[PDB]
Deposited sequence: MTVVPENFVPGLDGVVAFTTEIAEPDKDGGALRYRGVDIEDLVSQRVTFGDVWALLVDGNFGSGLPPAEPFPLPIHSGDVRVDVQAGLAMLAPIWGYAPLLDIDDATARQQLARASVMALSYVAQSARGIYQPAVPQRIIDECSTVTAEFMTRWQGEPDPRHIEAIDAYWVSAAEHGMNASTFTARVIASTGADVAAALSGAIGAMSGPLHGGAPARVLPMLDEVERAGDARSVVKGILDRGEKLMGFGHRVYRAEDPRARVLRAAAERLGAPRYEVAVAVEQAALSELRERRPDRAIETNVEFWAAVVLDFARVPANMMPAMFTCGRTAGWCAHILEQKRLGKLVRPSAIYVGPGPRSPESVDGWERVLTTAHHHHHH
């Protein structure tokens, strides 16, 4: 009794795990997957299926396989809901046992099998029920998992658009301990099947406060494109008391490395929005830093994620699903690490509510009808 807190809500700063998966070296200004810099993987054109194996296994040589033909069973109108409920439904039909009752090779195989199915579900969900499915023979001639995704969704995709997705998916594959990765590790720590953990991680990812979803910079980029001057549009947005999307406080020590590789991809692949995007980035950084010289302002990677995704004909409402597709690498790597660690994540809570009390001394007891 008389339990009392002392200048203590949440787990901010509390270390819950140690990991060998990746290091978001924010003070050093670099992001590394198993010690491999994110800039060397994107610039040397390593496909997402191979980076998936690198994050999960710790080394190359066992990338993602082609997804088996499984037409999407859920058409809810929300791509997130379609993949969240769909992945949870894989366990009974595929005979997924709990994590406690399977070895590591089976869990790694079940994670790889579910990750490619999530990519297929997102491709089918975005194509919509108002379109006949892409034939399997056309999907089969694709050589990479990223090209398989674009073919299942678009049918005849531009190879430049496939190259753009590989740049984004790799750069968004894993970025430390967030709410969606924490949810995946907590569910997996109970010994549940890997399908339940990925399903719960998608639900946590849909939260607006999770962060990382591509920014709403397309309408602003539409104004500068036809108005001409980027400095006048950005200045007009701030002078009218509006918010600049895609720019704010710093995440890394300086420029975000994921933002540098996405901008480099937009230029290398010849994105029609690139020249306007650079002018908007230069004007936004200059105007925001000039107005508040004592505050750090950097370009969010969501700014260039929106440009790269829109270049690949990705609609704005589908961009959050594109983020979930890439994050399956980090979620799967963290689920396997939690399986080997083998300990339930269970925090505690201090009770500060009412003390012992009879039922009759509670508000609305007269409303209660006893059996």
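K.L.:
Please report every deposited-sequence interval that has no C-alpha in the structure, sorted by position.
P.N.:
Unmodelled stretches, in sequence order: 9, 373-379.
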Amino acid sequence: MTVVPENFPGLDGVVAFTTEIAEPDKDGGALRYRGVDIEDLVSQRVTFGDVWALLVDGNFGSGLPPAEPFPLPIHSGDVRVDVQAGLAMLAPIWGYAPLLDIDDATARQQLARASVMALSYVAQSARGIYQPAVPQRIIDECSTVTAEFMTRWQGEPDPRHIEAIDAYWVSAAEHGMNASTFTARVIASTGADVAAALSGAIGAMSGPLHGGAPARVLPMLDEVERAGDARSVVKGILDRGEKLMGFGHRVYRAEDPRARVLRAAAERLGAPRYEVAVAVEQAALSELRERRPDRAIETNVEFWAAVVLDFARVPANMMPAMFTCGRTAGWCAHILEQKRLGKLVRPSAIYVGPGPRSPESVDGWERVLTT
From here on, numbers count along this sequence of modelled residues.
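K.L.:
Tell me which stretch, 309-317 or 340-348, has the higher mean Cα B-factor listed in the entry.
P.N.:
Higher mean C-alpha B-factor in the PDB entry: 340-348.
K.L.:
Averaging the C-alpha B factors as listed in the entry, name the stretch that ends up higher: 265-273 or 286-294.
P.N.:
Going by the record's values, the stretch with the higher mean is 286-294.
K.L.:
Kindly indicate the residue among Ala123, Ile165, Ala91, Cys142 with the greatest C-alpha B-factor in the PDB record.
P.N.:
Answer for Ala123, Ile165, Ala91, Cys142: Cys142, with the highest C-alpha B-factor.
K.L.:
Tell me, please, which of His175, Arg80, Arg253, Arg113 has the highest C-alpha B factor according to the deposited entry?
P.N.:
The C-alpha B-factor peaks, among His175, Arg80, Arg253, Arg113, at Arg113.
K.L.:
Taking the values exactly as deposited, rank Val46 by C-alpha B-factor within its chain and report the matching third: lowest, middle or highest.
P.N.:
Its C-alpha B-factor belongs to the highest third of this chain's values.
K.L.:
Within this chain's modelled residues, let me know which third the CA B factor of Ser232 belongs to: lowest, middle or highest.
P.N.:
Answer is highest: the recorded C-alpha B-factor places it there.
K.L.:
Ranking every modelled residue in this chain by its Cα temperature factor as given in the entry, which third contains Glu242?
P.N.:
It belongs to the highest third of the chain when residues are ordered by C-alpha B-factor.
K.L.:
What third of the chain does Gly326 rank in for C-alpha temperature factor, lowest, middle or highest?
P.N.:
It falls in the bottom third of the chain.
K.L.:
Using the B-factors in the PDB entry, rank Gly355's C-alpha atom against the chain and give the third, lowest, middle or highest.
P.N.:
According to the entry, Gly355 has a C-alpha B-factor in the chain's lowest third.
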